[PDB]
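Colleague: Provided hereafter are the protein sequence and its experimental coordinates.
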Amino acid sequence: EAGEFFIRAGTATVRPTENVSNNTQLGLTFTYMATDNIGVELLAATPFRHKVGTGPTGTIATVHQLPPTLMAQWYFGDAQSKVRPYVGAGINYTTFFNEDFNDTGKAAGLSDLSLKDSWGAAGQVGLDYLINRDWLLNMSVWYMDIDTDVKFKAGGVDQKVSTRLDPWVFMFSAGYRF
């Protein structure tokens with residue numbers, strides 16, 4: 001329904017895709033319905049924790065990130081639909097912090113890791129099963145276009161490589177009408 005503000009809570013799992021690991025964290029959305037079908041959502045999560053490895057070296061590094069995302073949405077159906085799927089599009093902001101190499105990587109002549117903040121596009125496919133006037137069950141799949149820079153020191157020498165990451169976010173949540 002229009003003018004409605006609700007909040008979902010549940011699991012948010014991020015899978016890098018462009019060797020980096022996956023991590024599942026608490027995910028909160030704060031959606032506001034503009035019309036009966038247009039919504040404006042904000043994704044927010046607890047900081048993720050990804051282990052980083054490559055080929056022979058293995059888990060050499062570890063980075064944390066926060067990927068808030070702002071989305072314009074379209075909910076299919078009408079205001080009396082208990083099953084409303086939705087598609088979303090909008091920008092992502094990703095910030096990295098507590099980058100640190102481990103014992104394995106620090107013996108490889110590796111120091112000072114820092115990924116630069118990234119902005120990019122984000123796509124969205126979700127589904128709201130509305131249980132009643134207040135409760136709902138939700139699934140959403142996110143595709144974000146992430147472009148950071150990897151800065152590190154190889155044996156004291158500055159390294160600087162740009163990557164594309166394009167991770168998938170899978171949220172299984174449960175919302176409430178506020």
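Modeller: Ah, there it is. Numbering: from 1, shown residues only.
Colleague: what distance do you get for the residue most central in space within the chain to residue 168?
Modeller: Centroid-nearest residue in the chain: residue 67, 4.8 Å away (criterion: C-alpha atoms, centre = their mean). Distance of residue 67 to residue 168, computed by C-beta to C-beta, to the nearest Å: 12 Å. Backbone N, C-alpha and C define where each C-beta goes, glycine included.
Colleague: any residues in contact with both of the two?
Modeller: residue 14 (C-beta atoms under 8 Å, 6 or more residues apart in numbering).
Colleague: my guess is the residue nearest to the centre of the chain contacts residue 45. True?
Modeller: Yes: taking C-beta atoms under 8 Å as the definition, residue 67 is a contact partner of residue 45 at 6.7 Å.
Colleague: list of residues touching the host helix or strand of residue 53?
Modeller: Using DSSP states H and E, residue 53 sits within strand 48-54. With C-beta under 8 Å, 6+ apart as the test, strand 48-54 has contacts from 14, 16, 19-23, 25, 59-67.
Colleague: same thing with stretch 1-16?
Modeller: 22-36, 43, 45, 48, 50, 67, 79, 136, 138, 165-178.
Colleague: in PyMOL, select just the buried ones from those.
Modeller: This is the PyMOL syntax for the buried subset of the contacts of stretch 1-16, where burial follows 16 or more other C-beta atoms under 10 Å:
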select buried, resi 23+25+27+28+29+31+32+33+36+43+45+48+50+67+136+138+165+167+169+170+171+173+175
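Colleague: okay, and which of the contacts of stretch 1-16 map to strands?
Modeller: Counting by DSSP state E, those place 23-33, 43, 45, 48, 50, 136, 138, 168-177 in strands.
Colleague: so what touches stretch 156-173?
Modeller: Under C-beta under 8 Å, 6+ apart, the answer for stretch 156-173 is 8-18, 20, 27, 29, 43, 67, 109, 111, 118, 126, 137-153.
Colleague: distance check, residue 141 against residue 63.
Modeller: From residue 141 to residue 63 the distance is 23 Å (C-beta to C-beta).
Colleague: who has more neighbours, those two?
Modeller: residue 63 (20 against 13; other C-beta atoms under 10 Å).
Colleague: pretty sure that one is touching residue 116, no?
Modeller: No: Residue 63 is not in contact with residue 116 according to C-beta under 8 Å; the separation is 11.7 Å.
Colleague: give the residues shared as contacts by those two.
Modeller: residue 96.
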